[PDB]
Amino acid sequence: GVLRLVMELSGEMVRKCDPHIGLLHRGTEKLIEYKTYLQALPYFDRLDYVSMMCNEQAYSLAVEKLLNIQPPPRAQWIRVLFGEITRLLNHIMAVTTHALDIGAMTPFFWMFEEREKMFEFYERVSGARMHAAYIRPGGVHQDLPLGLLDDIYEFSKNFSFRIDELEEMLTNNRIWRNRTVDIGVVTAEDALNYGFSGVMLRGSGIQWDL
Amino acid sequence: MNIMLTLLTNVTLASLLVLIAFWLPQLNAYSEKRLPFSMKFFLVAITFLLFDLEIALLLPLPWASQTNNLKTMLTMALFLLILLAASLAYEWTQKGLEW
Amino acid sequence: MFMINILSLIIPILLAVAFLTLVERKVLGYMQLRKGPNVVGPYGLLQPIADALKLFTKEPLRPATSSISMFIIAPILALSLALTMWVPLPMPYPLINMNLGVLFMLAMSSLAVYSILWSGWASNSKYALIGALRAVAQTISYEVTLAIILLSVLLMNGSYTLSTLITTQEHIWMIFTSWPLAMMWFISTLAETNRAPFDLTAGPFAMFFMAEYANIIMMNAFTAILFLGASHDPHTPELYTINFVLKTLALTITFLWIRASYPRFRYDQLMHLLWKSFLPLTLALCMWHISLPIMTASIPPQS
Amino acid sequence: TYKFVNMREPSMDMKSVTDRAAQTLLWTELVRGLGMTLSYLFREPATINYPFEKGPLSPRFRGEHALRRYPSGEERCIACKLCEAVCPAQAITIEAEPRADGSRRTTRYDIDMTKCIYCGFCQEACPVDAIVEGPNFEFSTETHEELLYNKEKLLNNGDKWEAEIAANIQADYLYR
Amino acid sequence: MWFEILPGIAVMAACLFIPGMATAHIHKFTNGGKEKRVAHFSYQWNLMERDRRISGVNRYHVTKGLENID
Amino acid sequence: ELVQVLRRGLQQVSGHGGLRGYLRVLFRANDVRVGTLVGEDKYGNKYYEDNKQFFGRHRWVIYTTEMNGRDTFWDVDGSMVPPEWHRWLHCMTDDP
Amino acid sequence: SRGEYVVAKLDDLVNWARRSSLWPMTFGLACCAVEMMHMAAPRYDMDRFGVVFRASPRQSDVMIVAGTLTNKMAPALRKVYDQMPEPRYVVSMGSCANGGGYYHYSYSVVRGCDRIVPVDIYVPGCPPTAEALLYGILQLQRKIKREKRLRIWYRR
């Protein structure tokens, strides 16, 4: 995205790296204080735009915990299904862009076609491709379109071949390995003490998944 | 004469193309508003220069193969390539090819 | 009618490099499950003309403080060398029949680096100067192995004349006699023109682009002549011209394929690649190709 | 349950070492990647021919706003100001007064389309289905001021898109 | 589909067709329907100069056969 | 094989009313596909479908050359489609 | 007369050349950049219109502002716009760039990118779909086609 990086080097090697942030500081947390909970829900779509539905689920769970209520089972199953869809969307974007920065740039298009299909699913379920605001603090906004589940099954039965193509282009390539192997090695203790979570933990051998 | 004319034509075509490229958008009015000195670059340049000199020594090889002194010519060519390899090995072992 | 021959050598090369952009765009698009330009022109054909016209009508960003002399000189040298390197090539009859055609090619290729040096120097930016220094280092490092591989291959031809390369490959291609040197030559030519995976780096910009694309096409044609020897019957040279053009096109499309297939190296990674894998093997194979004709009594004729 | 992704050990016998050396010296996986890209070249692209072809949409799609009216031709909006109260972006401005016949109608109804976040909260807070978010999305503009809609513009949008808007509402109102 | 790339490639090929072919034809036109004489090593040049001297029209490509032996 | 695809291309040339229509459609829409005519529009737009194409290419519109006040042989845009054909074309419904 | 005919045809040619190859540099500030990359995806294929992907600032014709412009970022965007050669165009994408959008009443957000740079096309939506951004690009192409410079020079 947008980023400023002030770094000191001694020749080729990086000596110090200080990142400057705040170029996308909009003041969301202060704006939330002037809205009701429903009005404050759409901000979480905009927080982490790559995976919009996951952000809303977190907020909805917090509000449900504070309200002492629980969603019905079908709402929970829909939320988990769309959370996994959003994880697919997030991972495709993350892996492809990372590869694109390195210079691969073909799997970006290959997998953004699938991303377009998942955006079609988002639009069918909510009417919005990205900033859906589908997951509410009482469940979900609306029931699924009569034909949505069959299309989701049709999409998800062909995705393994796409992942296989990505792996064939990237996994065993010697240039990709030389670019990625032994880069940014972090120990388990340093990862835990620095506040890391997710893959950044699991990449170091720490067995943790919420 | 032919080669000089060809080079002259190439230079003239490039110069004319650059001049029109620089002066076609200059006729219309517009708004019209350090120290580091990395050593390894110098070292790789010097290594290139030395290897270039040894390549210059190696160049007459295609004509060197018709001499009736095939043993001596083969020995001298192999000696030159062995010395090139020895220079490369010395630069490799003494950490001259690092970053 | 020599001037007509010079013009008929120059202008078609410029047209070919103008449409190579279209070919690259369409090829990359179709390897990316999309299309290339297909709106401008019936099949996207009029895209290069629109690109050129737009580039030549756009305001040029002179640095306003740098050396104007070198700012103008660098594209002149680049394009002049790019057009000059085409004259010794026999297709099947060269425009200029040099005795030492290979050495003249090597000299022009070595000259091609002053354009990078002067452009980086006249950029008036420390970061661009650093990038230019890296580019020049890569260029010189790889032309070392280019020259060594070239002499090793030519040891089987008997001279530096490119016309004799057709006679050498009358029966069999040179790819069979030395495929490892051919693979190393292909990678070195990729690294010479700053093409992926070695692509670490208005008007004058377009002219630099034309110089690079002409260099790419010329390098692929040189590879086709050196390693894929077409058959030339003296009573109909159009057959040789057809074969040579087809092979050059295949090699250029292979360049586009390679660009679309791989990620790019780091600077130290490709430096190490050259200096620790190509140079030792290049020296070993140079010794082998010196020894082989004497061992097998197969020394080429001319002296 | 956990899985190991990179916990393999290469075999050190002569055949496997020779295979790895052949891969190094002949670039087998590089040709594999080349071949996959080549195979990808020879299949149909996924590009549609816009603007002559359009991407798929759904009745729930939220695009340009519109104000609807009853089949008699009377506007549905009754100035309840629920859409204005629920608007997360404060993009709706409403002023009302009794009409000549005593009806409860708005005299000012503006939507700032440069403030709107297109969440559709206004059309689900409306109790009379007056304000809706139509299916039009190709309404780009050359100036900022034309994106500041008033009551006349929204009423014109409703009169312009009523057929398609009503069809979409008919298709999707049973899910609401 | 993929064959939509063929037109531009074709054009490119046509361009690469022009230079070499042109050279050949010019070498036929300026040498009396024969290939341009290759003159390395200074002996072929001597032969060409002798042909030019004995041609009678100051053109090396005008070959003189037994009909000129009288 | 090759013969079948060249024959299909010849039929595509034939199905646009000759060479003139083929060139007109090629230079107006950058596409020369032939499909069953589904609808005619009161402004002149024509709407075709082809269910054997993949989703997104199975429906299309050839725009009229003259809308309310402007010549539209070249300057076309997606905002010209009337709302009902807008619904059918965007696959919000299966019924023209 | 022929004098105005020549400049009219030259205008047509130059306008066709300029609009048939638009090289955009995109300010991927926020979530609207995602819809830009989807407009660059295989389905819509901006490159097929002559609109290349991620041009350099020194060789870009059109600037696409896709995201929220914050007070900390405005000078950088203005500098990048000033570095751009002429003729240059700006497209404002999304509510955040058009007028601030969801963060309009914020202490650290510029209320519209047109406080900093002039804007040619405003693409509405939060975010606009890839089809919407493509429509905006084609509208900018039509706007470029409408313009007339040699004629203005000739009658002045």
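When the chains are written out, they are named A, B, C, D, E, F and G in that same order, and each has its own residue count from 1.
Here, contacts are C-beta pairs under 8 Å (C-beta built on N, C-alpha and C of every residue); 3 or more make two chains touch, one makes a residue touch a chain.
Chain labels with UniProt names: B = NADH-ubiquinone oxidoreductase chain 3; C = NADH-ubiquinone oxidoreductase chain 1; D = NADH dehydrogenase [ubiquinone] iron-sulfur protein 8, mitochondrial; E = NADH dehydrogenase [ubiquinone] 1 alpha subcomplex subunit 1; G = NADH dehydrogenase [ubiquinone] iron-sulfur protein 7, mitochondrial.
Peer 1: Starting at subunit B, find the fewest moves between touching chains needed to arrive at subunit E.
Peer 2: The least step count works out to 2.
Peer 1: Could you put a whole-Å number on the gap between the CA centroids of subunit A and subunit B?
Peer 2: It comes to 49 Å between the two C-alpha centres.
Peer 1: Based only on mean CA positions, could you tell me how far subunit A sits from subunit G in angstrom?
Peer 2: 29
Peer 1: Quick check on subunit D: which residues sit in contact with 2+ other chains?
Peer 2: Answer for subunit D, listing residues that touch two or more other chains: 30, 33, 37, 40-41, 44-48, 50-51, 54-58, 61, 88, 117-119, 138-139.
Peer 1: Pull out every residue in subunit E that's touching 2 or more other chains.
Peer 2: Only 2 qualify.
Peer 1: Counting only residues that touch at least two other chains, what does the list for subunit G look like?
Peer 2: Counting only residues that touch two or more other chains, subunit G contributes 41-43, 45, 48, 86, 102, 105, 126, 129, 131, 135, 138-139.
Peer 1: Once the touch criterion is applied, which pairs of chains come out as touching?
Peer 2: Result of the pairwise touch check is A-B, A-C, A-D, A-G, B-C, B-G, C-D, C-E, C-F, C-G, D-E, D-F, D-G, F-G.
Peer 1: Mind listing the subunit D positions that touch subunit A in their complex?
Peer 2: Subunit D reaches subunit A through residues 2, 29-30, 32-33, 36-37, 40, 46, 56-58, 60-62, 86, 88, 117-121, 133, 175-176.
Peer 1: Sort out for me which residues of subunit G touch subunit B in the complex.
Peer 2: Where subunit G meets subunit B, its residues are 82, 86, 149, 153.
Peer 1: Considering the complex alone, what residue numbers of subunit G touch subunit D?
Peer 2: Its residues touching subunit D are 42-45, 48, 95, 98-102, 104-105, 112, 114, 119-126, 128-132, 134-136, 138-139, 143.
Peer 1: In their complex, what parts of subunit C are in touch with subunit A?
Peer 2: That would be residues 31-34, 196-197, 199, 260-269 of subunit C.
Peer 1: Tell me, which parts of subunit A touch subunit B in their complex?
Peer 2: Subunit A residues touching subunit B: 11-12.
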